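Chains as they are written, first to last, in the authors' numbering: chain 3, 2 to 24; chain N, 1 to 136; chain a, 2 to 60; chain c, 1 to 53; chain X, 8 to 86.
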Amino acid sequence: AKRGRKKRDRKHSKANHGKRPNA
Amino acid sequence: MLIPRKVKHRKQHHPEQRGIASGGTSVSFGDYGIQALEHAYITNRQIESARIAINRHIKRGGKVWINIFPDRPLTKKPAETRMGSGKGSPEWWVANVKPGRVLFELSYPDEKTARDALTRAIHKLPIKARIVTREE
Amino acid sequence: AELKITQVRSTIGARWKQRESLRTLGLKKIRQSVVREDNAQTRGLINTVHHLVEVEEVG
Amino acid sequence: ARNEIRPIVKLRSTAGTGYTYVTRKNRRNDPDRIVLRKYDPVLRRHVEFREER
Amino acid sequence: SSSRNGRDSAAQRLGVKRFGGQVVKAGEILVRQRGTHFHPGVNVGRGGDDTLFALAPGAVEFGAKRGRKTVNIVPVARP
RNA sequence: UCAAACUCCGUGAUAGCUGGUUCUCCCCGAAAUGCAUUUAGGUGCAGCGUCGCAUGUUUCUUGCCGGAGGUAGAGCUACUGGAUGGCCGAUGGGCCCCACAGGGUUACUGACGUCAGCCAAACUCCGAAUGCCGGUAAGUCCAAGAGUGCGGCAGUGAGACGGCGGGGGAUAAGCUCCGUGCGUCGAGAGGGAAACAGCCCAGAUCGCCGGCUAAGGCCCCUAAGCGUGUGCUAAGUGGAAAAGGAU
RNA sequence: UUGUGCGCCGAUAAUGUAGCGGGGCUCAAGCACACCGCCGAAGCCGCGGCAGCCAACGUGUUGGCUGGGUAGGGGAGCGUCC
RNA sequence: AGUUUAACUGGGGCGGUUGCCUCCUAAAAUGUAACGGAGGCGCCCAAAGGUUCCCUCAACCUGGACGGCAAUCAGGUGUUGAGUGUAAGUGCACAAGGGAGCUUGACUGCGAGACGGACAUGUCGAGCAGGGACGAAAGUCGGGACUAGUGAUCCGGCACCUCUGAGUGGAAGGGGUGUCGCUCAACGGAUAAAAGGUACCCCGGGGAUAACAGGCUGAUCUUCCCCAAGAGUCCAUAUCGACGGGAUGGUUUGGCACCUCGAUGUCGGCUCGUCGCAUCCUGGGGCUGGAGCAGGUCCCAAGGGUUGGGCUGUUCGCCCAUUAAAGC
RNA sequence: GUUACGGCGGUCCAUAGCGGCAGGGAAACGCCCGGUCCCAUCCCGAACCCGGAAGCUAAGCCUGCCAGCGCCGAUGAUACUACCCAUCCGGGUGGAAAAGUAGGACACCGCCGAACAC
Numbered sequence: 002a003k004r005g006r007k008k009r010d011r012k013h014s015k016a017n018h019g020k021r022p023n024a
Numbered sequence: 001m002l003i004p005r006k007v008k009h010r011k012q013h014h015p016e017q018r019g020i021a022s023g024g025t026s027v028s029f030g031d032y033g034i035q036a037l038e039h040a041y042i043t044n045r046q047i048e049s050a051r052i053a054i055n056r057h058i059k060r061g062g063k064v065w066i067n068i069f070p071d072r073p074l075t076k077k078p079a080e081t082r083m084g085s086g087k088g089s090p091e092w093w094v095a096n097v098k099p100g101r102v103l104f105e106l107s108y109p110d111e112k113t114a115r116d117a118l119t120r121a122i123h124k125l126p127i128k129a130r131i132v133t134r135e136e
Numbered sequence: 002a003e004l005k006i007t008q009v010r011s012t013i014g015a016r017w018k019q020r021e022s023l024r025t026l027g028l029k030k031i032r033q034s035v036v037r038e039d040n041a042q043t044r045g046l047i048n049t050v051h052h053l054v055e056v057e058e059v060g
Numbered sequence: 001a002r003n004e005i006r007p008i009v010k011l012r013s014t015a016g017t018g019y020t021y022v023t024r025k026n027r028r029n030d031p032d033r034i035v036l037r038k039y040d041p042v043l044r045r046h047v048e049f050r051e052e053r
Numbered sequence: 008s009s010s011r012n013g014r015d016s017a018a019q020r021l022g023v024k025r026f027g028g029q030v031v032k033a034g035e036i037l038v039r040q041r042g043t044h045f046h047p048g049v050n051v052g053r054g055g056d057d058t059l060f061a062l063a064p065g066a067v068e069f070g071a072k073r074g075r076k077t078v079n080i081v082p083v084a085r086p
């Protein structure tokens, strides 16, 4: 829950440009 | 309840939720309409709940049109079964609803009661929606 | 008259057409520059790879 | 497939003075077996065969 | 508890094989097809399986003859 | 030590199985896909690699001309099916005049047609882009160290995630299965992302106590701006979030 | 009453703040639009040494391109014993 | 006594299936998977083949003896909505549909160039020759409107040959051409010949692969909310709030199979804790269909405390006797 | 050459069709008379075939008219989309529909033959 969401929301940073691996 | 009497193919893909409306973007037969804004699948039971919500809020006389019909099924498969081994059976029937599309149209004289009724029917649905007058 | 080219980005993350067309124009490294004609050939290559090249014009 | 007494039955089609068995598979609930037939044999030419099994 | 479906039939590699403009020799196969989607015209022949082929060398022209898409062959210019 | 002892011999039994296999540099450099398979963790051939010879730009890229497609989309009194609301009422029918025939009446069920608005992967009168097949004109050209043919030597044949398009699933999964001259990892370091194989940048011949830049960032930790200008924010929002509610 | 840009509530789990990386920040060190500079990589350039492919020339000189690399193919070598 | 007893599989088992044809998925060339979705075949055919010629249906409107929704007839509209041997698609009215006359090309000897292509298989093929059919001739005919309708190799069998004939002459036998013999259907076919158990079990391996546990998601479960039909004597909101809808938490039965099978010891009980609050009591409080005593629901609140006993291995539960209370 | 003629053909085959109105018959296209002769009906000289020209342009056919039933059909915009930018949203360069609209259109072209004429 928390852990997956924080992963999938850290991806919306600026140095990643909206995407990360394994979400 | 709303269902078709027979479909040719009783196991269909899931409809698409991509794009805006092409038709039903214009109130047709009443005066006070409902218009969607999002993408969603709207089922049989929702529309029943909504028309009852409207008829119990005008209660006497004033007409209600439903410009939607659930003519596209979806397939649940029975419980606690590992994935694989086929495709489940149709259990509930949706209509796709693209933004811009019109669902309901009322014809009751007073705008007070009419707008209120449509609001009560909006709060029975999964979509953000708004209310329309036939005017420009 | 002539176009002047300056490769800015890199060919990594870049597809076959873009890579082969940088090769066509003669560009291999970054900051290389080329003095090319402004015919349709060249304009199409730049339409292809505009995100990789700065384009200036002597004329 | 097999060799059951199938509706489509029989074979062999031999020649008079022409030994070149031409083959065909046909039914047998119909009547006939002493007329028609023709084909080209060896050294010979367009002449008449029997269906002789 | 069975899916009684699952079968399928391997391909047959149908469609056009020599498009407009190309040079074809004789007896070459322009299109394989089931029905006469494309019909013959001039210097073109039909097969058993409604395949088409060339009867005279040349080059192609997919034109229509009364509403039906045809295929043709035209004379190359001798060198 | 017994679901058939122990010892020598056959015997160095055999294992599609596990492990292990030793000095250096130079050049090029993958794959995890297809058909078959007593077969699915193995193998054979094709695929992609290199070495040698041959053929010389035939490969690739961009522009222009020629060609078929039935995808997105849209449309339907242009077919097959579903279906909303009206007009008519044949046809049906409660009922009445009562012969039941026949004369009809009434919300009645409503064909067929008709006015209007709609939907569809297995519906299409229609029909894009791209991609594709050939021709042509140049370009690259002290090279891509390209392509094709042949012969030697192989490895791989358990792929992962991300973007786009889609099936199964609950339109859930860091799920599973396909596509893709799309990518990266695999086999790829360095910088940024707080740490972080696949994300963004960029593809490491070795050295220098030299310079300019990308992505990203400039209050201190952390090198660089408590930078300039005009407005908003009062919530520590920034520095997670819905239906809905609210001067 | 419409559409907007930031905002409020809804909001809610178990070793310890703990959903800015921390201190701290609205006397923005926060959001937006324009502007100026700068830092920053093994990238590019600059000075040097080596190497492979090709080419030009002369009795091995120079120049352009090139040089991440596992499975693996090929090439050239050190060392030990007799 | 020697040996066989399949594979796929969202672990294995049970079930189902394995080859071929058609359609969608399939992403406007070809091609493309899944235990994805719909069907079908393991045939028939003196004609349902070849050729020459001729004609157009289905449906509706009307008339009309039995006759009606329809039977055969006549007259109009009718571009094609019928039919095409058999599933579907692509095509067919220019007919490949319907009908009539001759009839055997449902032939022999070949085959340029091409498709598709791992390979073996597979598909069309103009044109040449003999000898024919039909037609006045041109010209068409090497099966069926097309794609499915079947099975490699080996080993044997039948007819014919001016091939060989183990010293000679014959012959057997072996060859060749044309052909036959297989639900080898697990359908690229391990043998011509083969079903099961192991909780007596053993060995080699695997986290490629399952059970406990962790993890991701959250159908399901719990907690909570939105709108308000009504109930509540009237009174939507003291209290319960349907028909539908939106989120949480990650404890429940499950989904995926990502680390661990060269060892992560699994239900309950005891002892020992410590943590959260979505609070059982105590403490403060707002509303009442709260007279008062008792309460009902809601907000804040975690400091402390939160019993002993019977049955069951049991967790859960029920009961007895108490308790300020007998928490999740 | 030419007229309200006939015949064979073509158009990437309705811009050409259907329906209504008027109008023409010199030679030709036709309809019509009748089955003696070839020849023919799954029965019928209806059709096909044969022999002729009493009669009529009524129909077929050709000519003009009617944009009404049908068809054709743009520009511009939109949908969608390739590529690129972009922390979700969305956007930029290029390509570009369907429908709708303005409109078009009662076809065009070629050869031989006739009749007509210098």
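In this text, a Cβ means the ideal position worked out from N, Cα and C, and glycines have one as well.
DSSP beta-bridge partners of residue i
i	result
residue 37 (chain a)	4 (chain a)
residue 96 (chain N)	41 (chain N)
residue 52 (chain X)	60 (chain X)
residue 104 (chain N)	66 (chain N)
residue 89 (chain N)	76 (chain N)
residue 39 (chain X)	22 (chain X)
Pair within 8 Å by beta-carbon distance, residue i and residue j
i	j	result
residue 53 (chain X)	residue 39 (chain X)	no
residue 22 (chain X)	residue 61 (chain X)	no
residue 49 (chain X)	residue 64 (chain X)	no
residue 9 (chain c)	residue 27 (chain c)	yes
residue 37 (chain X)	residue 81 (chain X)	no
residue 32 (chain N)	residue 94 (chain N)	no
residue 18 (chain a)	residue 49 (chain a)	yes
residue 59 (chain X)	residue 67 (chain X)	no
residue 14 (chain c)	residue 50 (chain c)	yes
residue 37 (chain a)	residue 3 (chain a)	yes
residue 3 (chain N)	residue 109 (chain N)	no
residue 76 (chain X)	residue 45 (chain X)	yes
residue 57 (chain X)	residue 73 (chain X)	no
residue 16 (chain X)	residue 85 (chain N)	no
residue 99 (chain N)	residue 39 (chain N)	yes
residue 21 (chain 3)	residue 12 (chain 3)	yes
Neighbour-count burial assignment, residue i, 16 or more Cβ in a 10 Å radius
i	result
residue 101 (chain N)	buried
residue 36 (chain N)	buried
residue 52 (chain N)	exposed
residue 97 (chain N)	buried
residue 80 (chain N)	exposed
residue 104 (chain N)	buried
residue 53 (chain a)	buried
residue 34 (chain N)	buried
residue 215 (chain N)	This structure cannot speak to residue 215 (chain N), because chain N is shown only from 1 to 136.
residue 70 (chain X)	exposed
residue 8 (chain a)	buried
residue 114 (chain N)	buried
residue 28 (chain X)	exposed
residue 2 (chain 3)	exposed
Distance cut-off 7 Å: residue i Cβ against heavy atoms of the ligand FAD
i	result
residue 11 (chain c)	By its list of ligands, the structure shown contains no ligand whatsoever, and the ligand FAD lies outside what it can speak to.
| query | What residues in the region 80-102 of chain N bring their beta carbon closer than 7 Å to a beta carbon of chain X? | reply | Interface annotation for the region 80-102 of chain N against chain X: 85, 86, criterion Cβ-Cβ distance under 7 Å.
Touch test, the region 30-50 of chain N against the region 125-135 of chain N, Cβ-Cβ under 8 Å, three pairs minimum: Between the region 30-50 of chain N and the region 125-135 of chain N, the count of C-beta pairs closer than 8 Å reaches three or more; the two stretches touch.
Q. Hey, is the region 115-122 of chain N in contact with the region 18-25 of chain N, meaning 3+ C-beta pairs nearer than 8 Å?
A. Segments in contact, no.
The region 14-43 of chain X: positions lying closer than 7 Å to chain N by Cβ: The residues in question: there are none.
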